[PDB]
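Descriptive structure summary
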Amino acid sequence: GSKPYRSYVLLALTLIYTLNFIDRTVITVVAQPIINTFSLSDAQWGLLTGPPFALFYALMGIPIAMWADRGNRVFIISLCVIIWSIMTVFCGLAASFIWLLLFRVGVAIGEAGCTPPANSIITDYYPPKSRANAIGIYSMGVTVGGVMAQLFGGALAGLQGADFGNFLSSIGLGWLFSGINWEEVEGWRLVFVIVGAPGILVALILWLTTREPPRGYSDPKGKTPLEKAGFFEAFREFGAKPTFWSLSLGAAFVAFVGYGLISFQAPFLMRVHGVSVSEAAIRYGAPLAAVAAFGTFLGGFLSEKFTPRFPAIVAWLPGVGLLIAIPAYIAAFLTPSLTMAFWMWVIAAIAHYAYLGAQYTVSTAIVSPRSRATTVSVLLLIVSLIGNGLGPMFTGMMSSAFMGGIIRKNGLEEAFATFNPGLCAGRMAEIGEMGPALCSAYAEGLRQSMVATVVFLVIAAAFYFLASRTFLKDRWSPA
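Residues numbered from 1 in each chain as written, not as in the entry; some residues may be left out. Heavy atoms only, no water.

For this deposition, the record names X-ray crystallography as the technique by which the model was determined and cites 3.812 Å as its resolution.

Written out as structure tokens, the structure reads:
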């Protein structure tokens, strides 16, 4: 490439990645609003927030991996940013819950085509002396975008539709001030559309200002590897090792709990402690996201910095730091004090994401570097599928089922038959004789659900312990 122009291309692609994760994770802060207007059950919310990314990498992610390895990359990234920005805008203007699901699946379809082509671009722009730091500052995209989603979405949520209609009519775009009543549009619609709309032009300027590099700007003297690095047979190195599957299942259940909690942490915060959407996303969401990222990098470090000396590192032999994160989570949920809950939560978050980072780097040192790149990838794919697709589902169906348990044991099904979640933000008389009891059930079902999902950290710890046992055999050493 060059050097200042190359750094500009880098900043552009990293902003694409931060925007990617902003768009991806912004849906969790508008959980209660979306379910409030569409009268969704927590089950339906978990359905919306999880398996719509089984289409993340099972489809696209593997097809467009080849498509990007064989084609023009910059064009692919510009196109895909077009795609998922448009789909988020459509999420903003969804008529039914099913339309929202379809637009979210399209968002996953689009976001699958971000990291493979950008990885190829960065490796071909930069020389091997600087590729590591480039991929590192690009990897900061998930961290940045994660806390940025909470911040931006909390700000944009709690914005009256009348305000946005007036601002559109005031800058000369009165070609919508006659279309729809802005007093009747909700804040999360604005969140989606205003978050998505920058992406079209950002991808345009990407297409204009970044020239595709010639494929292959690496090292001169190259051996004919005969098996081209490693493809299917590189799988058979770790695929034989059982520690790999123990690590993958443990990390997948860690991520299962994580994705299930993030899918309903804002609904919990506003159903129990009554914080606004904005204050739940801002005073609690972004700090906990930064705390979880710090815990993940801390686990990766703490491992790396004493993993060569001895195996799946922990105190004594079982991985009971997860078992310590469990009581902190349960205490954070069962507390009536909100600040107490927040600090217990940051403690539990550090301790919970540390083992994700751990298992990550414990897997990096179990396989030859000829293939370790391909091993960590399928690790992340198993984690994504199991955790992301099943965590929100478990948490939401458990919220719905624990609520229904309160319903039956209190026998107010007659009242629930006309129960909408929306009018319990105030307007609690307007349900009937049993309004506040019904919504106490609505909050307590989610509380019990959170505790239930947290219990899955014992399954995660069991898998990590199994991996610790089989690691000595499965270890890979130069001798």
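Here's the deal with the overall build of the protein
Put simply, the test is: Helix and strand definitions follow DSSP, with helices as H or I runs of at least four residues and strands as E runs of at least two, each counted in order from the N terminus. For the radius of gyration, the atom set is restricted to C-alpha positions; the globular benchmark scales as 2.2 Å times the number of residues to the power 0.38. Partly exposed describes any residue whose relative accessible area lies between the buried limit of under 20% and the exposed limit of over 50%, with all areas from a 1.4 Å probe on protein chains only and scaled to the type maximum. Any pair of residues with heavy atoms lying within 4.5 Å of one another is described as a contacting pair. In this count, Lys and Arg are taken as positive residues and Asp and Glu as negative ones, while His and the chain termini are left out. One atom stands in for each charge, and that atom is NZ of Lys, CZ of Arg, CG of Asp or CD of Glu.
Helices and strands together make up the secondary structure of the protein, namely 22 helices and 0 strands. Taken against the 2.2 N^0.38 rule, which gives 23 Å for 479 residues, the C-alpha radius of gyration of the protein at 24 Å falls within 12% of a compact globule. Here the protein holds 479 residues, and 49% of them are scored as buried. Contacts spanning at least 24 positions in sequence make up 83% of the contacts within the protein whose residues lie at least 6 apart. Put simply, the protein has 29 plus and 22 minus side-chain charges, and the middle of one group is 17 Å from the middle of the other.

Section: the state of the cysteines
Should the sulfur atoms of two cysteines be covalently bonded, the bond is a disulfide. So the rule is basically this: Put simply, a disulfide is two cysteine sulfurs that come within 2.5 Å.
Summed over the entire model, instances satisfying the criterion amount to 1 disulfide. Note on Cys80: no disulfide assigned, nearest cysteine sulfur contributed by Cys114 at a separation of 8.1 Å. The class of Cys80 is buried, set by a relative accessible area of 9%. Of all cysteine sulfurs, the one in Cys80 lies closest to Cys91, which takes part in no disulfide; the gap is 16 Å. Judged by its relative accessible area of 1%, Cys91 falls in the buried class.

A word on the pattern of salt bridges
Rules: The term salt bridge refers to a pairing of a side-chain nitrogen on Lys or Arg with a carboxyl oxygen on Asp or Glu at a separation within 4 Å.
Taken as a whole and assessed by the stated rule, the structure comprises 8 salt bridges. In this structure, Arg427 engages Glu430 in a salt bridge whose closest nitrogen and oxygen atoms are separated by 3.0 Å. The partner of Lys473 in a salt bridge is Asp474, with the nearest N and O atoms 2.8 Å apart.

Remarks on empty space enclosed by the protein
This is how it is decided: A cavity, in this analysis, means grid points on a 1 Å lattice covering only the protein atoms where a 1.4 Å probe fits yet has no way out; a pocket is instead an open set bounded by protein on both sides within 12 Å along at least five of seven lines, and a residue lines either one if it has an atom within 4 Å of a point. Grid points are joined across faces, edges and corners, and a volume is the space filled by probe spheres set on the points. Polar here means any residue other than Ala, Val, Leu, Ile, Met, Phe, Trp, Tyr, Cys and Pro, which are nonpolar, and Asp, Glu, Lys and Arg, which are charged; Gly is therefore polar.
A full pass over the atoms with the stated rule returns 2 cavities of 30 Å³ or more. Residue lining of the largest cavity: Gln265, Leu269, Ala280, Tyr284, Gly285, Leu288, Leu338, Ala341, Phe342 and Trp345, and that is the complete set. The set of elements that each furnish at least two residues to the lining of the largest cavity consists of α15 (265-272), α16 (277-304) and α18 (338-364). Of the residues contributing to the lining of the largest cavity, the split by class is 8 nonpolar, 2 polar and no charged. By volume, the second largest cavity amounts to about 30 Å³.

A closer look at the layout of surface pockets
Looking at the second largest pocket, its volume works out to about 590 Å³. Lining the second largest pocket are 23 residues, and of these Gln32, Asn36, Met270, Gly422 and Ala425 sit closest to its centre. For the lining of the second largest pocket, the elements supplying multiple residues, two or more each, are α2 (31-37), α11 (187-196), α15 and α21 (435-455). Tallying contributions element by element places α2 first for the lining of the second largest pocket, with 4 residues.

Quick notes on the packing of aromatic side chains
Selection rule: The aromatic pairing rule takes the rings of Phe, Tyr and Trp, using the six-membered ring of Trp, and pairs them if the centres are within 6.5 Å, calling planes under 30 degrees apart stacked, those over 60 edge-to-face and the rest tilted. The rule for a charge over a ring is simple: NZ of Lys or CZ of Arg within 6 Å of the ring centre, and within 35 degrees of the ring normal.
One pass over the full model with this rule turns up 29 aromatic pairs. On the numbers, 5.2 Å between centres and 85 degrees between planes, the contact of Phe333 with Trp345 is edge-to-face. Taken together, the residues span a long stretch of sequence, with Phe333 in helix α17 (residues 321-334) and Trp345 in helix α18 at a distance of 12 residues. In terms of burial, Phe333 and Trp345 fall into one category: buried. Each member of the aromatic cluster is reached from another via a ring pair, and the members are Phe232, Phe235, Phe238, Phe244 and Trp245. Directly above the ring of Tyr126 sits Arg6, whose terminal nitrogen or CZ lies 4.6 Å from the centroid.

A closer look at the packing of helix α3 (residues 42-49) against helix α7 (residues 97-111)
Heads up, the condition is: For helices, the fitted axis covers only the stretch in contact; all axes are lines through C-alpha atoms, and the angles between them, taken along N-to-C directions, range from 0 to 180 degrees. Roughly parallel means an angle under 35 degrees; roughly antiparallel, over 145; roughly perpendicular, 65 to 115; everything else is oblique.
Across the interface, α3 lies against α7 with an axial gap of 10 Å and an inter-helix angle of 25 degrees. On the basis of their axis angle, the class for α3 and α7 is roughly parallel. Between α3 and α7, the residues in contact are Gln44, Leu47 and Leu48 and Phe97, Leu100, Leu101 and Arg104, respectively. The residue makeup of the contact of α3 with α7, split by class, is 5 nonpolar, 1 polar and 1 charged.

So, unusual backbone geometry
Residues other than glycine seldom take positive phi values, yet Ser39 does so here, at roughly 55 degrees. Tracing the sequence through the fold places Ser39 in the loop between α2 and α3.

Things to note about a nonpolar patch on the surface
Put simply, the test is: Candidate patch residues must exceed 30% relative accessible area and have no salt bridge, after which like charges are joined if within 9 Å and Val, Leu, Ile, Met, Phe, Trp or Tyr side chains if within 5 Å. All accessible areas in this document rest on Shrake-Rupley with a 1.4 Å probe, and a residue is counted as covered only by the protein chains that are shown.
On the surface, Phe75, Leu79, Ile83, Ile86, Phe90, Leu93, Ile200, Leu201, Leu204, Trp207 and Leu208 cluster together into a nonpolar patch covering about 990 Å² of accessible area. Only α6 (73-92) and α12 (198-209) provide two or more residues apiece to the nonpolar patch.

Some thoughts on the packing of helix α14 (residues 242-262) against helix α22 (residues 457-474)
In plain terms, the rule: Crossings are sorted by hand: turned counterclockwise from the far helix by less than a right angle, the near helix makes the crossing left-handed, and turned clockwise it makes it right-handed.
One way to put it is that α14 packs onto α22 with a least axis distance of 8 Å and a crossing angle of 160 degrees. One element, α14, and the other, α22, form an angle in the roughly antiparallel class. The interaxial crossing formed by α14 with α22 has left-handed handedness. Contacts from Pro242, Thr243, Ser246, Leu247, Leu249, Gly250, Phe253, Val254 and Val257 in α14 reach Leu457, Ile459, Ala460, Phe463, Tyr464, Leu466, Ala467, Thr470, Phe471, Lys473 and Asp474 in α22. Taken together, the residues that form the contact of α14 with α22 break down as 14 nonpolar, 4 polar and 2 charged.

Focus on the nonpolar core
This is how it is decided: Here, the term nonpolar core denotes a set of buried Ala, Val, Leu, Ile, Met, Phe, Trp, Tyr and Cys residues that are joined through side-chain atoms within 4.5 Å.
Within the largest apolar cluster, 117 residues are counted, with the highest numbers of intra-cluster contacts made by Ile34, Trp45 and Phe333. Ranked by residues supplied to this core, first place goes to α14 with 10 residues. Judged by nonpolar contacts, the second largest core, of 5 residues, contains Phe164, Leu168, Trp182 and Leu190.

Comments concerning the side chain of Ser85
Just so we agree on the cut-off: Under the rule applied, a polar contact is a pair of N or O atoms within 3.5 Å (in protein, one hydrogen donor and one hydrogen acceptor; residues adjacent in sequence only if both atoms are side-chain atoms).
Relative to the assigned elements, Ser85 resides in helix α6. Its relative accessible area of 2% is what places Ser85 among the buried residues. In this structure the side chain of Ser85 is engaged in a polar contact, spanning 3.3 Å, whose partner is the backbone oxygen of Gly196.

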